[PDB]
Protein chains: 4
Amino acid sequence: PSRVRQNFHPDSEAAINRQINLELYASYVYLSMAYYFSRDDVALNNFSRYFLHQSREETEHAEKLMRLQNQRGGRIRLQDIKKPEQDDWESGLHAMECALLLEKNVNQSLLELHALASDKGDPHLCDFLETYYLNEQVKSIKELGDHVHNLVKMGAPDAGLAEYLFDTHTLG
Amino acid sequence: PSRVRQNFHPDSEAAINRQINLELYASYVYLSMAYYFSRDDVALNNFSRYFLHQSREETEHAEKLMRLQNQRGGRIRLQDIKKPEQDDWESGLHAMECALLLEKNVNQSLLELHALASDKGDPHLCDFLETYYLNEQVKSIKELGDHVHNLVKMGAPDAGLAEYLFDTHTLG
Amino acid sequence: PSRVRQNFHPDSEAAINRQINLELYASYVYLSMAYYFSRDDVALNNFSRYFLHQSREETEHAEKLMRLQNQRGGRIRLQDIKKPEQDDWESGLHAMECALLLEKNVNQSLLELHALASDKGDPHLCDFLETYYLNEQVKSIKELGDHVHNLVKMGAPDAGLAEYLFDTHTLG
Amino acid sequence: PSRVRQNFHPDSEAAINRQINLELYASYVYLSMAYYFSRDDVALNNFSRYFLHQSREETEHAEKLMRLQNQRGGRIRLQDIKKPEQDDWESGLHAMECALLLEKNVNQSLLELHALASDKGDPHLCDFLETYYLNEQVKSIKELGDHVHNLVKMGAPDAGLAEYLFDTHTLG
Ligand SMILES: [Cl-]
Ligand SMILES: [Cl-]
Ligand SMILES: [Cl-]
Ligand SMILES: [Cl-]
Ligand SMILES: [Cl-]
Ligand SMILES: [Cl-]
Ligand SMILES: [Cl-]
Ligand SMILES: [Cl-]
Ligand SMILES: [Cl-]
Ligand SMILES: [Cl-]
Ligand SMILES: [Cl-]
Ligand SMILES: [Cl-]
Ligand SMILES: [Cl-]
Ligand SMILES: [Cl-]
Ligand SMILES: [Cl-]
Ligand SMILES: [Cl-]
Ligand SMILES: [Cl-]
Ligand SMILES: [Cl-]
Ligand SMILES: [Cl-]
Ligand SMILES: [Cl-]
Ligand SMILES: [Cl-]
Ligand SMILES: [Cl-]
Ligand SMILES: [Cl-]
Ligand SMILES: [Cl-]
Ligand SMILES: [Fe+2]
Ligand SMILES: [Fe+2]
Ligand SMILES: [Fe+2]
Ligand SMILES: [Fe+2]
Ligand SMILES: [Fe+2]
Ligand SMILES: [Fe+2]
Ligand SMILES: [Fe+2]
Ligand SMILES: [Fe+2]
Ligand SMILES: [Fe+2]
Ligand SMILES: [Fe+2]
Ligand SMILES: [Fe+2]
Ligand SMILES: [Fe+2]
Ligand SMILES: [Fe+2]
Ligand SMILES: [Fe+2]
Ligand SMILES: [Fe+2]
Ligand SMILES: [Fe+2]
Ligand SMILES: [Fe+2]
Ligand SMILES: [Fe+2]
Ligand SMILES: [Fe+2]
Ligand SMILES: [Fe+2]
Ligand SMILES: [Fe+2]
Ligand SMILES: [Fe+2]
Ligand SMILES: [Fe+2]
Ligand SMILES: [Fe+2]
Ligand SMILES: [Fe+2]
Ligand SMILES: [Fe+2]
Ligand SMILES: [Fe+2]
Ligand SMILES: [Fe+2]
Ligand SMILES: [Mg+2]
Ligand SMILES: [Mg+2]
Ligand SMILES: [Mg+2]
Ligand SMILES: [Mg+2]
Ligand SMILES: [Mg+2]
Ligand SMILES: [Mg+2]
Ligand SMILES: [Mg+2]
Ligand SMILES: [Mg+2]
Ligand SMILES: [Mg+2]
Ligand SMILES: [Mg+2]
Ligand SMILES: [Mg+2]
Ligand SMILES: [Mg+2]
């Protein structure tokens, strides 16, 4: 094994590789959303900027896991990054609802990774997830929930002013 | 011929004179729109400012072509600047749609000028158009498309708040 | 069609979507290389930083094409980002040689895209490629060639000091 | 018991005293290494500085545990600090390999302390170890692994330039 490896189970190593792929996938979903909002027939520039920022954060999340793999003496194994489920995200509200579902799915994967790390007696990996992932996920889910609620109440997507006003006053 | 003239076809010289006239015409259309929006019964001051700025940019476009004519040893031949198709532009949305059509028409003229310059083996003129005109036109058309989409979705021109809110939040 | 679309052939639109995928693939290859060099049994931190920077530049290249698609009224169609050919890049020299091959392959794709844009009489797309892609590619290929030559002459990968010294004095 | 003591098992108190001794021992090992590298027949001043810094960090680690003992109402019980296994550390590579082994041994002790704290339902002590010790150890082990790899590849200790160049370019 790696001269650095200590208390690092092969199952944890493999689960970290799966998590890297999921974070890169989330990054790709958000990149797709960002450029949907800059279409000439959508043109919600602050929705675009919001999702572009989320995309870049997800790439940061992937990289921190790649660094962890190296720090612990595991070996990064990359896989294809699957394309997002849609190119046409329909509306600001629909994109927000899809982002909320994505974040809950990523959160579930992180909770499963934490349960594995616990089962394998890996407190370093548990602390890593708690310190950098789990609260970030809760904050992200709460923010998306807030945004979905306001858009629904405002009458998105059919009320003509709703996404326009939310773009300029919440995301601006 | 001019002591400076080199590789500059008379057909290119004539086409540049026609393009100067078209750019001055576009400037005049936008000047007309700017002052429509400052009527007491329209009073959308940021629509006014937006089109005034576009007017000044079109005069810049005309002048750069006039400079090119001199640089290449051609002779500027000015023609009447025709009045715009309307004085009453009806609404912010209608003005935006008319501006989009104008910009596409000017773009078509520039593409024809580029095809002529190509046919005449004039890479200086091709590069001039590519460097200063063609991307500017694509950016302008995209911006106008964005604005038309938002105004349509917001319910302009009949929805009482739409042009008012777009004036203050997009064009402000 | 899109209210913005003008002189933009469907074949160009499709070729731009393929180019976006290739640029994202190049970004992924370089990300893989960056993290190879931070393995405890490789530990060439400036090779790592160099390839991380190249990765981020390739994502910028993909995004500028995504923006072009929107600007011209085409529709972005994303595909899976295939995993790199290797996770273990063997040595600093091997990674540099693989990067050089990648860049030549991406360059060939851009030259084919330029030939298509020319065939379709799309001078905006030709200028876009010339302005932002073609010289960047030539500079990148030349830089990688320089690096490969120095590493070969220094005796990489087998000469114990070669990659270490190149890491600290060229890439540092 | 101490008026402050709460949820603090005597076995945890004793294990913290053993950990204090181990951290002071690690500090002493690194102090020995630092002064080996300043011998006139070794004279690798940046190896010296690197290990002196590590020595001071280990004393900080001991002190934070001494503070924890007081904070929790336990009583510090100091023991002899055993001398290091060697005074003559042989080479820069050998010292690095010995430091890596030491750090893995200290890490194993901290993981055992964390397992004890878990068994005793002491989440304060678990969090203390995770927050201040476990990631520090992983970072330290990874850094030492990196250094060992580069020194081995460079040909240390027998290749005349290897430790000299690593001293000046990595540790400088
Ligand atoms: Cl292990
Ligand atoms: Cl795969
Ligand atoms: Cl796959
Ligand atoms: Cl644990
Ligand atoms: Cl909100
Ligand atoms: Cl709700
Ligand atoms: Cl001539
Ligand atoms: Cl006339
Ligand atoms: Cl006339
Ligand atoms: Cl030519
Ligand atoms: Cl807009
Ligand atoms: Cl529309
Ligand atoms: Cl078209
Ligand atoms: Cl696909
Ligand atoms: Cl595919
Ligand atoms: Cl062309
Ligand atoms: Cl070089
Ligand atoms: Cl060579
Ligand atoms: Cl107690
Ligand atoms: Cl004792
Ligand atoms: Cl003793
Ligand atoms: Cl507990
Ligand atoms: Cl190192
Ligand atoms: Cl090694
Ligand atoms: Fe975020
Ligand atoms: Fe952020
Ligand atoms: Fe994430
Ligand atoms: Fe698929
Ligand atoms: Fe996320
Ligand atoms: Fe815990
Ligand atoms: Fe924690
Ligand atoms: Fe987030
Ligand atoms: Fe403009
Ligand atoms: Fe301007
Ligand atoms: Fe113009
Ligand atoms: Fe007339
Ligand atoms: Fe224009
Ligand atoms: Fe313009
Ligand atoms: Fe407002
Ligand atoms: Fe580069
Ligand atoms: Fe750069
Ligand atoms: Fe590229
Ligand atoms: Fe495959
Ligand atoms: Fe490239
Ligand atoms: Fe490059
Ligand atoms: Fe040097
Ligand atoms: Fe340290
Ligand atoms: Fe320090
Ligand atoms: Fe320590
Ligand atoms: Fe003894
Ligand atoms: Fe230590
Ligand atoms: Fe340390
Ligand atoms: Mg060994
Ligand atoms: Mg997966
Ligand atoms: Mg934008
Ligand atoms: Mg004369
Ligand atoms: Mg005319
Ligand atoms: Mg005014
Ligand atoms: Mg229409
Ligand atoms: Mg492809
Ligand atoms: Mg690094
Ligand atoms: Mg009392
Ligand atoms: Mg002991
Ligand atoms: Mg000294």
Side-chain angles (χ1 to χ4, degrees), chain A residues 30-55 84 86-99 143-144 146-172, chain B residues 37 44-47 49-51 53-54 90-108 110-111 134-138 140-172:
Chain A
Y30 288 133
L31 181 68
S32 177
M33 292 179 177
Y35 281 85
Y36 170 77
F37 289 101
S38 50
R39 285 167 53 153
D40 71 273
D41 62 355
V42 181
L44 294 168
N45 296 323
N46 296 310
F47 278 83
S48 179
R49 284 177 48 252
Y50 178 77
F51 288 126
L52 189 57
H53 186 74
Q54 306 314 307
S55 178
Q86 313 180 215
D87 290 296
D88 176 357
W89 295 98
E90 303 174 56
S91 67
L93 172 61
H94 182 70
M96 289 287 179
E97 290 171 351
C98 289
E143 177 173 288
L144 287 168
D146 287 358
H147 292 349
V148 168
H149 166 67
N150 275 282
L151 284 164
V152 170
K153 177 59 189 233
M154 289 168 82
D158 289 345
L161 299 177
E163 293 189 353
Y164 176 88
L165 289 171
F166 183 87
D167 174 274
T168 196
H169 293 97
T170 297
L171 302 182
Chain B
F37 289 101
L44 294 168
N45 296 323
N46 296 310
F47 278 83
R49 284 177 48 252
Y50 178 77
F51 288 126
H53 186 74
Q54 306 314 307
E90 303 174 56
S91 67
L93 172 61
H94 182 70
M96 289 287 179
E97 290 171 351
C98 289
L100 175 56
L101 285 172
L102 170 68
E103 292 291 312
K104 298 188 88 178
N105 285 154
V106 174
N107 199 31
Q108 180 57 34
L110 289 162
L111 291 170
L134 298 184
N135 188 51
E136 193 286 330
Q137 280 312 109
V138 159
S140 293
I141 292 164
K142 173 60 164 61
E143 177 173 288
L144 287 168
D146 287 358
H147 292 349
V148 168
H149 166 67
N150 275 282
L151 284 164
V152 170
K153 177 59 189 233
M154 289 168 82
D158 289 345
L161 299 177
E163 293 189 353
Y164 176 88
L165 289 171
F166 183 87
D167 174 274
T168 196
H169 293 97
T170 297
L171 302 182

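Labels below follow one simple rule: chain letters A, B, ... track the order of the sequence lines, proteins then strands, and each chain is numbered from 1. Computed from heavy atoms alone, side chains included, the values below leave out hydrogens, waters and symmetry copies.
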Asker: Compare every heavy atom of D158(A) with every heavy atom of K153(B), then report the nearest pair and how far apart it is.
Answerer: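 Heavy-atom minimum between the residues: CE-O, 4.3 Å.
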Asker: Taking the side chain as C-beta and beyond, is there a heavy-atom pair between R49(B) and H53(B) under 4.5 Å?
Answerer: no
Asker: Name all residues meeting the side-chain contact (heavy atoms from CB on, under 4.5 Å) criterion together with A162(A); count only those two or more places apart in sequence or in a different chain, and write none if there are none.
Answerer: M154(A), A156(A), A159(A)
Asker: Give the minimum heavy-atom separation between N150(B) and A43(A), together with the two atoms involved.
Answerer: ND2-O, 2.9 Å
Asker: Which donor-acceptor pairs under 3.5 Å do the side chains of residues 165-172 of chain A make with protein atoms, sequence neighbours left out?
Answerer:
{"unit_1": "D167(A)", "atom_1": "OD1", "unit_2": "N46(A)", "atom_2": "ND2", "d": "3.2"}
{"unit_1": "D167(A)", "atom_1": "OD2", "unit_2": "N45(A)", "atom_2": "N", "d": "3.4"}
{"unit_1": "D167(A)", "atom_1": "OD2", "unit_2": "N46(A)", "atom_2": "N", "d": "2.8"}
{"unit_1": "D167(A)", "atom_1": "OD2", "unit_2": "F47(A)", "atom_2": "N", "d": "3.0"}
{"unit_1": "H169(A)", "atom_1": "ND1", "unit_2": "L165(A)", "atom_2": "O", "d": "2.9"}
{"unit_1": "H169(A)", "atom_1": "NE2", "unit_2": "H169(B)", "atom_2": "NE2", "d": "3.1"}

Asker: With sequence neighbours excluded, give me every side chain to side chain donor-acceptor pair (under 3.5 Å) pair touching residues 90-99 of chain A.
Answerer: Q86(A)-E90(A), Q86(A)-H94(A), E90(A)-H94(A)
Asker: May I ask you to list the residues in residues 31-41 of chain A that approach chain B closer than 4.5 angstrom, counting heavy atoms only, ordered by number?
Answerer: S38(A), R39(A), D40(A), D41(A)
